[PDB]
file protein13.csv (CSV, C-alpha atoms)
chain,number,residue,atom,x,y,z
A,3,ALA,CA,0.0,0.0,0.0
A,4,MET,CA,2.8,2.3,0.9
A,5,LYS,CA,5.3,3.4,-1.8
A,6,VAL,CA,8.9,2.2,-1.3
A,7,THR,CA,10.0,5.9,-1.8
A,8,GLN,CA,7.5,7.4,0.8
A,9,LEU,CA,9.9,7.5,3.8
A,10,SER,CA,12.7,9.0,1.6
A,11,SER,CA,10.2,11.7,0.6
A,12,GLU,CA,9.4,12.5,4.2
A,13,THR,CA,13.2,12.6,4.9
A,14,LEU,CA,13.7,15.2,2.2
A,15,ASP,CA,10.9,17.3,3.7
A,16,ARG,CA,13.0,17.5,7.0
A,17,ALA,CA,16.0,18.8,4.9
A,18,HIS,CA,13.6,21.4,3.3
A,19,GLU,CA,12.2,22.5,6.6
A,20,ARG,CA,15.7,22.8,8.2
A,21,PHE,CA,17.0,25.1,5.4
A,22,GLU,CA,13.9,27.3,5.7
A,23,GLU,CA,14.2,27.6,9.5
A,24,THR,CA,17.8,28.5,9.2
A,25,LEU,CA,17.3,31.1,6.4
A,26,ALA,CA,14.5,32.7,8.4
A,27,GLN,CA,17.1,33.8,11.1
A,28,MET,CA,19.3,35.6,8.6
A,29,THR,CA,19.5,38.8,6.6
A,30,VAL,CA,20.4,38.2,2.9
A,31,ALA,CA,23.9,39.7,3.6
A,32,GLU,CA,24.4,37.1,6.3
A,33,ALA,CA,23.1,34.3,4.1
A,34,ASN,CA,25.6,35.3,1.4
A,35,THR,CA,28.5,35.3,3.9
A,36,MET,CA,31.0,32.5,3.7
A,37,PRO,CA,32.8,32.3,7.0
A,38,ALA,CA,36.0,30.4,5.7
A,39,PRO,CA,37.5,29.0,2.5
A,40,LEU,CA,36.0,25.6,3.1
A,41,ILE,CA,32.8,26.6,4.9
A,42,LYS,CA,30.1,27.4,2.4
A,43,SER,CA,27.5,30.2,2.9
A,44,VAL,CA,23.9,29.3,3.6
A,45,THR,CA,23.1,30.9,0.2
A,46,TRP,CA,25.7,28.5,-1.5
A,47,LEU,CA,24.3,25.5,0.4
A,48,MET,CA,20.7,26.1,-0.4
A,49,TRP,CA,21.4,26.9,-4.1
A,50,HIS,CA,23.6,23.8,-4.3
A,51,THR,CA,21.0,21.6,-2.8
A,52,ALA,CA,18.3,22.9,-5.1
A,53,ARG,CA,20.7,22.6,-8.0
A,54,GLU,CA,21.8,19.1,-7.3
A,55,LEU,CA,18.2,17.7,-6.8
A,56,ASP,CA,17.2,19.6,-10.0
A,57,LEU,CA,20.1,18.3,-12.1
A,58,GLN,CA,20.0,14.7,-10.9
A,59,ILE,CA,16.3,14.2,-11.0
A,60,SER,CA,16.0,16.0,-14.3
A,61,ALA,CA,18.8,13.6,-15.7
A,62,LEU,CA,16.9,10.5,-14.5
A,63,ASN,CA,13.7,12.0,-16.0
A,64,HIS,CA,15.5,12.8,-19.3
A,65,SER,CA,14.2,16.4,-19.0
A,66,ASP,CA,16.0,19.7,-19.1
A,67,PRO,CA,16.8,21.0,-15.6
A,68,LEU,CA,14.5,23.7,-14.1
A,69,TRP,CA,17.5,25.9,-13.7
A,70,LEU,CA,17.2,26.4,-17.5
A,71,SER,CA,13.6,25.3,-18.3
A,72,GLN,CA,12.0,27.6,-15.7
A,73,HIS,CA,14.8,30.3,-16.1
A,74,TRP,CA,16.1,30.3,-12.6
A,75,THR,CA,19.5,31.0,-14.0
A,76,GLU,CA,18.3,34.5,-15.1
A,77,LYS,CA,16.8,35.2,-11.6
A,78,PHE,CA,20.0,34.3,-9.9
A,79,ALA,CA,22.3,36.0,-12.5
A,80,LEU,CA,25.4,34.3,-11.1
A,81,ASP,CA,28.8,35.5,-12.2
A,82,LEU,CA,29.5,31.8,-13.1
A,83,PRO,CA,29.1,30.2,-16.6
A,84,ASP,CA,26.4,27.6,-17.3
A,85,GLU,CA,28.4,24.7,-18.8
A,86,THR,CA,27.7,21.3,-20.2
A,87,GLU,CA,29.2,19.5,-17.1
A,88,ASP,CA,29.0,20.5,-13.4
A,89,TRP,CA,32.3,21.0,-11.6
A,90,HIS,CA,33.7,21.3,-8.1
A,91,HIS,CA,33.7,25.0,-7.1
A,92,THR,CA,36.9,26.7,-6.0
A,93,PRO,CA,36.5,28.8,-2.9
A,94,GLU,CA,36.6,31.9,-5.1
A,95,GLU,CA,33.9,30.6,-7.4
A,96,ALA,CA,31.7,29.6,-4.4
A,97,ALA,CA,31.9,33.2,-3.0
A,98,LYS,CA,30.1,34.2,-6.2
A,99,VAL,CA,27.0,32.3,-5.4
A,100,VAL,CA,25.1,35.2,-3.8
A,101,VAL,CA,21.5,36.4,-4.1
A,102,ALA,CA,19.8,39.8,-4.0
A,103,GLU,CA,16.9,38.4,-1.9
A,104,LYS,CA,16.3,35.4,0.3
A,105,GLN,CA,12.9,34.5,-1.3
A,106,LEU,CA,14.8,33.3,-4.5
A,107,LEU,CA,16.5,30.6,-2.6
A,108,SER,CA,13.3,29.4,-1.0
A,109,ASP,CA,11.5,29.4,-4.4
A,110,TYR,CA,14.1,27.5,-6.3
A,111,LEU,CA,14.5,24.9,-3.4
A,112,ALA,CA,10.7,24.5,-3.2
A,113,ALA,CA,10.6,23.9,-7.0
A,114,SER,CA,13.4,21.3,-6.8
A,115,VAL,CA,11.9,19.5,-3.8
A,116,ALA,CA,8.5,19.4,-5.7
A,117,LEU,CA,10.2,17.9,-8.8
A,118,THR,CA,12.0,15.3,-6.6
A,119,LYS,CA,8.8,14.3,-4.8
A,120,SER,CA,7.0,14.0,-8.1
A,121,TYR,CA,9.7,11.7,-9.4
A,122,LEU,CA,9.7,9.6,-6.2
A,123,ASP,CA,5.9,9.3,-6.4
A,124,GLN,CA,5.9,8.1,-10.0
A,125,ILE,CA,9.0,5.8,-10.1
A,126,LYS,CA,8.0,2.1,-10.3
A,127,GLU,CA,9.8,-0.3,-8.0
A,128,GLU,CA,11.1,-2.4,-10.9
A,129,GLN,CA,12.9,0.6,-12.3
A,130,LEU,CA,15.0,1.1,-9.1
A,131,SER,CA,17.4,-1.7,-10.1
A,132,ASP,CA,18.1,-0.1,-13.5
A,133,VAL,CA,21.8,0.6,-14.2
A,134,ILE,CA,22.2,4.3,-15.1
A,135,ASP,CA,26.1,4.3,-15.2
A,136,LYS,CA,27.9,1.1,-15.9
A,137,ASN,CA,31.4,2.7,-15.7
A,138,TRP,CA,31.7,2.4,-11.9
A,139,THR,CA,32.3,-0.6,-9.7
A,140,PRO,CA,29.7,-1.5,-8.8
A,141,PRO,CA,27.5,0.1,-11.4
A,142,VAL,CA,25.4,3.1,-10.4
A,143,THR,CA,21.6,2.2,-10.4
A,144,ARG,CA,18.6,4.5,-10.2
A,145,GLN,CA,18.4,3.5,-6.5
A,146,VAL,CA,21.9,4.5,-5.7
A,147,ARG,CA,21.4,7.9,-7.4
A,148,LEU,CA,18.2,8.6,-5.5
A,149,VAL,CA,19.7,7.7,-2.1
A,150,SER,CA,22.7,10.0,-3.0
A,151,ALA,CA,20.3,12.8,-3.8
A,152,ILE,CA,18.4,12.5,-0.5
A,153,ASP,CA,21.7,12.1,1.5
A,154,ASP,CA,23.2,15.2,-0.1
A,155,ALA,CA,20.2,17.4,0.7
A,156,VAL,CA,19.9,16.2,4.3
A,157,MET,CA,23.6,16.4,5.0
A,158,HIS,CA,23.8,20.0,3.5
A,159,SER,CA,20.9,21.1,5.7
A,160,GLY,CA,23.0,20.1,8.7
A,161,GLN,CA,26.0,22.1,7.4
A,162,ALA,CA,23.7,25.1,6.9
A,163,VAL,CA,23.0,25.1,10.7
A,164,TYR,CA,26.7,25.3,11.4
A,165,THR,CA,27.4,28.1,8.9
A,166,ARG,CA,24.6,30.0,10.5
A,167,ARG,CA,26.1,29.5,13.9
A,168,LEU,CA,29.5,30.7,12.7
A,169,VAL,CA,28.0,33.7,10.9
A,170,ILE,CA,25.4,35.0,13.4
A,171,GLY,CA,26.6,33.4,16.7
A,172,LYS,CA,23.3,31.5,17.3
B,3,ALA,CA,9.2,-7.3,-2.9
B,4,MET,CA,11.2,-4.4,-1.5
B,5,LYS,CA,10.7,-3.3,2.1
B,6,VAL,CA,9.3,0.2,2.6
B,7,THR,CA,12.3,0.9,4.9
B,8,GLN,CA,15.1,-0.3,2.6
B,9,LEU,CA,15.9,3.1,1.1
B,10,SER,CA,16.0,4.6,4.6
B,11,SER,CA,18.4,1.9,5.6
B,12,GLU,CA,20.7,2.6,2.6
B,13,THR,CA,20.5,6.4,3.5
B,14,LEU,CA,21.7,5.6,7.1
B,15,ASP,CA,24.6,3.7,5.6
B,16,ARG,CA,25.8,6.9,3.9
B,17,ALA,CA,25.7,8.7,7.2
B,18,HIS,CA,27.7,5.9,8.8
B,19,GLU,CA,30.3,5.9,6.0
B,20,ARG,CA,30.7,9.7,6.2
B,21,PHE,CA,31.4,9.7,9.9
B,22,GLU,CA,34.0,6.9,9.4
B,23,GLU,CA,35.8,8.8,6.5
B,24,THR,CA,35.9,12.0,8.6
B,25,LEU,CA,37.2,10.2,11.7
B,26,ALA,CA,39.9,8.4,9.7
B,27,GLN,CA,41.5,11.9,8.9
B,28,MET,CA,41.9,12.9,12.6
B,29,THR,CA,43.9,12.0,15.7
B,30,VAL,CA,41.8,11.3,18.8
B,31,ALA,CA,42.9,14.8,20.2
B,32,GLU,CA,41.5,16.4,17.1
B,33,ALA,CA,38.3,14.4,17.2
B,34,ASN,CA,37.8,15.5,20.8
B,35,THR,CA,38.3,19.2,19.9
B,36,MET,CA,35.3,21.5,19.9
B,37,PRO,CA,36.1,24.5,17.8
B,38,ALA,CA,33.5,26.9,19.3
B,39,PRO,CA,30.7,27.0,22.0
B,40,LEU,CA,28.0,26.0,19.4
B,41,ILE,CA,30.2,23.8,17.1
B,42,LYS,CA,30.4,20.3,18.5
B,43,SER,CA,33.5,18.1,18.3
B,44,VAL,CA,33.5,15.1,15.9
B,45,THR,CA,33.7,12.9,19.0
B,46,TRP,CA,30.4,14.5,20.4
B,47,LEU,CA,28.7,14.2,17.0
B,48,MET,CA,29.5,10.5,16.5
B,49,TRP,CA,28.7,9.6,20.2
B,50,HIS,CA,25.5,11.6,19.9
B,51,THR,CA,24.4,10.0,16.7
B,52,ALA,CA,25.1,6.5,18.0
B,53,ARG,CA,23.4,7.5,21.3
B,54,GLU,CA,20.3,8.8,19.6
B,55,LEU,CA,19.8,5.8,17.3
B,56,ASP,CA,20.3,3.5,20.3
B,57,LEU,CA,17.9,5.3,22.6
B,58,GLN,CA,15.2,5.9,20.0
B,59,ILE,CA,15.2,2.5,18.4
B,60,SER,CA,15.6,0.8,21.8
B,61,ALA,CA,12.5,2.7,23.1
B,62,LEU,CA,10.4,1.6,20.0
B,63,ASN,CA,11.7,-1.9,20.6
B,64,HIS,CA,10.8,-1.7,24.4
B,65,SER,CA,14.4,-2.9,25.1
B,66,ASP,CA,17.1,-1.3,27.3
B,67,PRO,CA,19.5,0.8,25.3
B,68,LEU,CA,22.9,-0.8,24.3
B,69,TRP,CA,24.6,2.1,26.1
B,70,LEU,CA,23.6,0.2,29.3
B,71,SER,CA,22.8,-3.3,28.1
B,72,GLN,CA,26.2,-3.7,26.3
B,73,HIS,CA,28.0,-1.5,28.8
B,74,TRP,CA,29.2,1.2,26.4
B,75,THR,CA,28.8,3.7,29.3
B,76,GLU,CA,31.7,2.0,31.1
B,77,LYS,CA,34.0,2.1,28.0
B,78,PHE,CA,33.3,5.8,27.4
B,79,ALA,CA,33.5,6.7,31.2
B,80,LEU,CA,32.1,10.1,30.5
B,81,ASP,CA,32.1,12.7,33.3
B,82,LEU,CA,28.3,13.0,32.8
B,83,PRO,CA,25.6,11.3,34.8
B,84,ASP,CA,23.4,8.6,33.2
B,85,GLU,CA,19.9,9.9,34.0
B,86,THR,CA,16.3,8.8,33.4
B,87,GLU,CA,15.7,11.5,30.8
B,88,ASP,CA,18.1,12.8,28.1
B,89,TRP,CA,18.7,16.5,28.1
B,90,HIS,CA,20.2,19.2,25.9
B,91,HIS,CA,23.9,19.6,26.7
B,92,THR,CA,25.3,22.9,27.7
B,93,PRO,CA,28.6,23.8,25.9
B,94,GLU,CA,30.5,22.9,29.0
B,95,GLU,CA,28.8,19.5,29.3
B,96,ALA,CA,29.4,18.8,25.5
B,97,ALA,CA,33.2,19.4,26.0
B,98,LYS,CA,33.1,16.5,28.4
B,99,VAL,CA,32.2,14.1,25.7
B,100,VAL,CA,35.7,12.9,24.8
B,101,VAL,CA,37.3,9.5,24.2
B,102,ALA,CA,40.6,7.9,24.8
B,103,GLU,CA,40.7,6.2,21.4
B,104,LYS,CA,38.9,6.6,18.1
B,105,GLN,CA,37.9,2.9,17.8
B,106,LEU,CA,35.4,3.3,20.6
B,107,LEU,CA,33.3,5.8,18.5
B,108,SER,CA,33.4,3.5,15.5
B,109,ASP,CA,32.4,0.5,17.5
B,110,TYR,CA,29.5,2.1,19.3
B,111,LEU,CA,28.2,3.7,16.1
B,112,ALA,CA,28.5,0.4,14.2
B,113,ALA,CA,26.5,-1.3,17.0
B,114,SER,CA,23.8,1.4,16.9
B,115,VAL,CA,23.5,1.3,13.1
B,116,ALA,CA,23.2,-2.5,13.3
B,117,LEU,CA,20.4,-2.2,15.8
B,118,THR,CA,18.6,0.4,13.7
B,119,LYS,CA,18.9,-1.7,10.5
B,120,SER,CA,17.6,-4.8,12.3
B,121,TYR,CA,14.6,-2.8,13.6
B,122,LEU,CA,13.9,-1.4,10.1
B,123,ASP,CA,14.2,-4.9,8.5
B,124,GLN,CA,11.6,-6.3,11.0
B,125,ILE,CA,9.1,-3.5,11.4
B,126,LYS,CA,5.8,-4.4,9.6
B,127,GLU,CA,4.3,-1.8,7.4
B,128,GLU,CA,1.0,-1.8,9.3
B,129,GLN,CA,2.9,-0.8,12.5
B,130,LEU,CA,4.3,2.5,10.9
B,131,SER,CA,0.9,4.3,11.5
B,132,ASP,CA,1.0,3.4,15.3
B,133,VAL,CA,0.7,6.5,17.6
B,134,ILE,CA,3.7,6.4,20.0
B,135,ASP,CA,3.1,9.8,21.6
B,136,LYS,CA,-0.4,11.3,21.6
B,137,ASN,CA,0.6,14.5,23.5
B,138,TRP,CA,1.7,16.4,20.3
B,139,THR,CA,-0.2,18.0,17.4
B,140,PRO,CA,-0.3,16.0,15.3
B,141,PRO,CA,0.6,12.8,17.3
B,142,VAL,CA,3.9,11.2,16.9
B,143,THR,CA,3.8,7.9,15.1
B,144,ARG,CA,6.4,5.2,14.6
B,145,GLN,CA,7.0,6.5,11.1
B,146,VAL,CA,7.7,10.1,12.3
B,147,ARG,CA,10.2,8.8,14.9
B,148,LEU,CA,12.0,6.6,12.3
B,149,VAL,CA,12.3,9.5,9.8
B,150,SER,CA,13.5,11.8,12.6
B,151,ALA,CA,16.2,9.2,13.6
B,152,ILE,CA,17.5,8.8,10.0
B,153,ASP,CA,17.4,12.7,9.5
B,154,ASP,CA,19.3,13.3,12.7
B,155,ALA,CA,22.1,10.8,11.8
B,156,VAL,CA,22.5,12.1,8.2
B,157,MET,CA,22.4,15.7,9.2
B,158,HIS,CA,25.0,15.2,12.0
B,159,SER,CA,27.3,13.5,9.5
B,160,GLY,CA,27.3,16.7,7.5
B,161,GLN,CA,28.1,18.8,10.5
B,162,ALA,CA,31.0,16.4,11.3
B,163,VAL,CA,32.6,17.4,8.0
B,164,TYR,CA,32.4,21.0,8.9
B,165,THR,CA,33.9,20.6,12.4
B,166,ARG,CA,36.7,18.6,10.8
B,167,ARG,CA,37.4,21.4,8.4
B,168,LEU,CA,37.5,23.9,11.2
B,169,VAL,CA,39.7,21.8,13.4
B,170,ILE,CA,42.3,20.4,10.9
B,171,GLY,CA,41.9,22.9,7.9
B,172,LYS,CA,40.9,20.3,5.4
call {"tool": "encode", "arguments": {"input": "protein13.csv", "output": "structure tokens"}}
result
Amino acid sequence: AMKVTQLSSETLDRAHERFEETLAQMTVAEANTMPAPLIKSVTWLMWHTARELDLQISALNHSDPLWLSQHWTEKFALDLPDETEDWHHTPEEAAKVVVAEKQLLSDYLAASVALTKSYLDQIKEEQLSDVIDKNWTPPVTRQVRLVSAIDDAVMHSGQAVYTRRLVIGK
Amino acid sequence: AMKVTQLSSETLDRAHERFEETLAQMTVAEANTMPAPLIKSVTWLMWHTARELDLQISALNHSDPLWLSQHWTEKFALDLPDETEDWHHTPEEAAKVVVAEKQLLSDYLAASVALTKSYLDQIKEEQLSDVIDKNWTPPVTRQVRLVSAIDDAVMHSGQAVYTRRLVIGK
């Protein structure tokens, strides 16, 4: 009766809620603040979480990511190029992920969470064993990628709490 | 065919793996180091994650927690009292969660993850809707508590990465 993805979906909701509770305590200047070379800003963490859900789920869904298809890239207007492949940001590139208003982060994350939950609700259980990248040992399956996407979001929501503490002392 | 808890179980494994990869980069002195009043040590984070899985799953299972039943409390020998109810540590209490050797953290976390996975593998899907605490709005069910336990572990594993970065610069 219950979907095999329902608990993962409820777990993603906790990540979503945590990012929003953290952001609510900050000004946009604070949210944009990266406290150290290896400690990302809350703005970077929320953008990255929304971006990674978007890109990964859109790739499993063979659809263009919302970043492009809903034109979030124009709202963000990042001083970073949109490129074929995603890459690991240098500290100096990460400092360029800043926003004019907090609402944008909330809106793009809400859109990416919605997309993720829609995919989770529609994936058939037989599809979870599908190999999506054979060039790893062991191969990457749909299931591995889905678990990675939920893990990433939740773990980043924890990091956002720490950055908040470092930036605003509470 | 697949259990409704299998994906949550694989998500917990990522938390477990992340804590171990982080700990492997540190000396025990580093692991014991709390970089700021509100930034917990890796030792505190790993002990707390093992402790919270243990306590919550043991409470759902109506069993004594392993902390006591397997005598982990004597191995840790914390300068903190074992009390009926768990409480929110003050910064000064949190600094007292330190260990003599890293292996203890790994062993207690492995035991608590095993317990959790055993519970997840044996819980029946009909039991997930059971109300375990009626004195909240809405009531807390088995399912809510299980999602909270997985969320807590994963999110703390993310925080451990940040503390590591602050303590050892990488």
call {"tool": "interface_residues", "arguments": {"input": "protein13.csv", "of": "chain B", "to": "chain A", "cutoff": "9 Å", "atoms": "all atoms listed in the file", "output": "ChimeraX atom specification"}}
result
/B:3-10,12-14,16-17,38,40-41,127,145-146,148-150,152-165,167-168,171-172
call {"tool": "calpha_fit_and_write", "arguments": {"input": "protein13.csv", "fixed": "chain B", "moving": "chain A", "output": "compact mmCIF listing (two decimals) with C-alpha atoms, in the frame of the given file"}}
result
# COMPACT_ATOMS: atom_id res chain seq x y z
CA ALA A 3 9.16 -7.29 -2.88
CA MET A 4 11.17 -4.44 -1.55
CA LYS A 5 10.72 -3.34 2.10
CA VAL A 6 9.28 0.17 2.60
CA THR A 7 12.27 0.86 4.99
CA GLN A 8 15.03 -0.36 2.51
CA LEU A 9 15.93 3.07 1.04
CA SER A 10 16.00 4.65 4.57
CA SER A 11 18.44 1.88 5.54
CA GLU A 12 20.70 2.65 2.62
CA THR A 13 20.48 6.39 3.58
CA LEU A 14 21.70 5.63 7.08
CA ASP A 15 24.63 3.67 5.63
CA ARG A 16 25.78 6.95 3.84
CA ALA A 17 25.67 8.75 7.28
CA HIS A 18 27.77 5.83 8.74
CA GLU A 19 30.28 5.92 5.95
CA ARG A 20 30.64 9.76 6.14
CA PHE A 21 31.43 9.70 9.91
CA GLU A 22 34.02 6.95 9.37
CA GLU A 23 35.74 8.81 6.51
CA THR A 24 35.88 11.92 8.54
CA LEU A 25 37.22 10.22 11.73
CA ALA A 26 39.88 8.48 9.66
CA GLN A 27 41.54 11.94 8.94
CA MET A 28 41.86 12.84 12.60
CA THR A 29 43.94 12.09 15.66
CA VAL A 30 41.81 11.37 18.79
CA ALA A 31 42.91 14.79 20.22
CA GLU A 32 41.53 16.45 17.11
CA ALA A 33 38.33 14.43 17.23
CA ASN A 34 37.79 15.53 20.84
CA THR A 35 38.33 19.21 19.93
CA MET A 36 35.32 21.47 19.90
CA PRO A 37 36.16 24.50 17.82
CA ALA A 38 33.43 26.91 19.34
CA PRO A 39 30.68 26.96 21.96
CA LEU A 40 28.06 25.95 19.45
CA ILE A 41 30.17 23.77 17.14
CA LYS A 42 30.33 20.25 18.47
CA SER A 43 33.46 18.03 18.21
CA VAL A 44 33.47 15.08 15.85
CA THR A 45 33.72 12.88 18.99
CA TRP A 46 30.47 14.59 20.40
CA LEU A 47 28.71 14.20 17.03
CA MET A 48 29.50 10.59 16.53
CA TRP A 49 28.67 9.64 20.17
CA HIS A 50 25.44 11.64 19.89
CA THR A 51 24.43 9.97 16.72
CA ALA A 52 25.12 6.52 18.09
CA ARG A 53 23.34 7.49 21.28
CA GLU A 54 20.27 8.88 19.67
CA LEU A 55 19.75 5.86 17.26
CA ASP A 56 20.38 3.56 20.28
CA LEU A 57 17.93 5.34 22.59
CA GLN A 58 15.15 5.85 20.06
CA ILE A 59 15.23 2.47 18.48
CA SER A 60 15.61 0.76 21.82
CA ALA A 61 12.46 2.78 23.05
CA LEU A 62 10.41 1.65 20.03
CA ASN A 63 11.67 -1.93 20.63
CA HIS A 64 10.83 -1.70 24.37
CA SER A 65 14.41 -2.86 25.13
CA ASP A 66 17.09 -1.36 27.30
CA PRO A 67 19.52 0.80 25.30
CA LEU A 68 22.91 -0.73 24.30
CA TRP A 69 24.60 2.10 26.07
CA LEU A 70 23.61 0.22 29.28
CA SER A 71 22.85 -3.35 28.06
CA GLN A 72 26.20 -3.78 26.27
CA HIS A 73 28.06 -1.48 28.83
CA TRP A 74 29.23 1.17 26.47
CA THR A 75 28.80 3.65 29.24
CA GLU A 76 31.73 2.00 31.14
CA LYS A 77 33.96 2.09 27.99
CA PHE A 78 33.32 5.73 27.47
CA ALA A 79 33.49 6.68 31.21
CA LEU A 80 32.02 10.12 30.57
CA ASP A 81 32.16 12.71 33.31
CA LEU A 82 28.34 13.07 32.77
CA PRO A 83 25.58 11.28 34.80
CA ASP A 84 23.36 8.61 33.22
CA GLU A 85 19.83 9.87 34.02
CA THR A 86 16.31 8.75 33.46
CA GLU A 87 15.66 11.46 30.76
CA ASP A 88 18.05 12.81 28.07
CA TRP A 89 18.70 16.54 28.10
CA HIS A 90 20.13 19.27 25.91
CA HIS A 91 23.88 19.59 26.65
CA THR A 92 25.36 22.91 27.72
CA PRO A 93 28.54 23.79 25.90
CA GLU A 94 30.47 22.87 29.05
CA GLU A 95 28.81 19.49 29.32
CA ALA A 96 29.41 18.78 25.58
CA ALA A 97 33.20 19.45 26.03
CA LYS A 98 33.13 16.45 28.36
CA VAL A 99 32.19 14.03 25.69
CA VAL A 100 35.74 12.89 24.86
CA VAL A 101 37.27 9.47 24.19
CA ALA A 102 40.65 7.88 24.87
CA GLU A 103 40.65 6.17 21.43
CA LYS A 104 38.88 6.63 18.13
CA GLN A 105 37.96 2.90 17.73
CA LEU A 106 35.33 3.31 20.59
CA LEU A 107 33.36 5.73 18.57
CA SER A 108 33.39 3.53 15.50
CA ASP A 109 32.34 0.47 17.58
CA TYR A 110 29.47 2.08 19.36
CA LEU A 111 28.19 3.74 16.05
CA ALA A 112 28.49 0.38 14.22
CA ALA A 113 26.47 -1.29 17.04
CA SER A 114 23.76 1.41 16.89
CA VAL A 115 23.53 1.36 13.09
CA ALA A 116 23.22 -2.52 13.27
CA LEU A 117 20.38 -2.24 15.84
CA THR A 118 18.61 0.39 13.65
CA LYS A 119 18.90 -1.73 10.51
CA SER A 120 17.61 -4.74 12.37
CA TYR A 121 14.60 -2.77 13.53
CA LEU A 122 13.95 -1.37 10.03
CA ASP A 123 14.18 -4.89 8.58
CA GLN A 124 11.68 -6.37 11.02
CA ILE A 125 9.08 -3.54 11.35
CA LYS A 126 5.80 -4.43 9.57
CA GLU A 127 4.25 -1.76 7.39
CA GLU A 128 1.01 -1.74 9.39
CA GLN A 129 2.90 -0.78 12.50
CA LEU A 130 4.29 2.45 10.91
CA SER A 131 0.99 4.29 11.50
CA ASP A 132 1.00 3.45 15.23
CA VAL A 133 0.79 6.49 17.54
CA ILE A 134 3.73 6.37 19.99
CA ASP A 135 3.09 9.87 21.60
CA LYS A 136 -0.36 11.30 21.54
CA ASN A 137 0.63 14.51 23.42
CA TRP A 138 1.80 16.39 20.30
CA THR A 139 -0.15 17.94 17.48
CA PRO A 140 -0.21 15.98 15.34
CA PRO A 141 0.56 12.85 17.28
CA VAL A 142 3.99 11.28 16.90
CA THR A 143 3.76 7.86 15.03
CA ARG A 144 6.39 5.16 14.65
CA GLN A 145 6.96 6.56 11.13
CA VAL A 146 7.64 10.05 12.26
CA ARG A 147 10.14 8.78 14.89
CA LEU A 148 12.01 6.66 12.37
CA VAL A 149 12.29 9.48 9.80
CA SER A 150 13.57 11.75 12.68
CA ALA A 151 16.16 9.16 13.57
CA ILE A 152 17.47 8.84 10.00
CA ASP A 153 17.39 12.68 9.49
CA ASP A 154 19.34 13.28 12.68
CA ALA A 155 22.11 10.84 11.78
CA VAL A 156 22.48 12.11 8.21
CA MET A 157 22.37 15.76 9.17
CA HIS A 158 25.01 15.21 11.99
CA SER A 159 27.32 13.47 9.51
CA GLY A 160 27.27 16.66 7.46
CA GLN A 161 28.11 18.78 10.54
CA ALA A 162 30.99 16.40 11.31
CA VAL A 163 32.58 17.37 7.92
CA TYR A 164 32.47 21.01 8.89
CA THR A 165 33.92 20.52 12.38
CA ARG A 166 36.71 18.60 10.77
CA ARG A 167 37.35 21.40 8.37
CA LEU A 168 37.45 23.95 11.19
CA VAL A 169 39.70 21.75 13.33
CA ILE A 170 42.25 20.40 10.81
CA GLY A 171 41.91 22.92 7.91
CA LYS A 172 40.93 20.23 5.33
call {"tool": "closest_residue", "arguments": {"input": "protein13.csv", "among": "B:52, B:70, B:31, B:62", "to": "residue 134 in chain B", "atoms": "all atoms listed in the file"}}
result
B:62
call {"tool": "residues_around", "arguments": {"input": "protein13.csv", "residues": "range 95-97 of chain A", "least_positions_apart": "2", "cutoff": "8 Å", "atoms": "only C-alpha atoms", "output": "mmCIF file with C-alpha atoms, keeping the file's coordinate frame"}}
result
data_model
loop_
_atom_site.group_PDB
_atom_site.id
_atom_site.type_symbol
_atom_site.label_atom_id
_atom_site.label_comp_id
_atom_site.auth_asym_id
_atom_site.auth_seq_id
_atom_site.Cartn_x
_atom_site.Cartn_y
_atom_site.Cartn_z
ATOM 1 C CA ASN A 34 25.600 35.300 1.400
ATOM 2 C CA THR A 35 28.500 35.300 3.900
ATOM 3 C CA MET A 36 31.000 32.500 3.700
ATOM 4 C CA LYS A 42 30.100 27.400 2.400
ATOM 5 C CA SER A 43 27.500 30.200 2.900
ATOM 6 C CA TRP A 46 25.700 28.500 -1.500
ATOM 7 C CA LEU A 82 29.500 31.800 -13.100
ATOM 8 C CA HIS A 91 33.700 25.000 -7.100
ATOM 9 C CA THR A 92 36.900 26.700 -6.000
ATOM 10 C CA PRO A 93 36.500 28.800 -2.900
ATOM 11 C CA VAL A 99 27.000 32.300 -5.400
ATOM 12 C CA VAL A 100 25.100 35.200 -3.800
#
call {"tool": "closest_residue", "arguments": {"input": "protein13.csv", "among": "B:19, B:56, B:135, B:32", "to": "residue 120 in chain B", "atoms": "all atoms listed in the file"}}
result
B:56
call {"tool": "closest_residue", "arguments": {"input": "protein13.csv", "among": "B:143, B:94, B:47, B:79", "to": "residue 129 in chain B", "atoms": "all atoms listed in the file"}}
result
B:143
call {"tool": "closest_residue", "arguments": {"input": "protein13.csv", "among": "A:117, A:68, A:169, A:142", "to": "residue 24 in chain A", "atoms": "only C-alpha atoms"}}
result
A:169
call {"tool": "atom_distance", "arguments": {"input": "protein13.csv", "atom1": "CA of residue 81 in chain A", "atom2": "CA of residue 101 in chain A"}}
result
10.9 Å
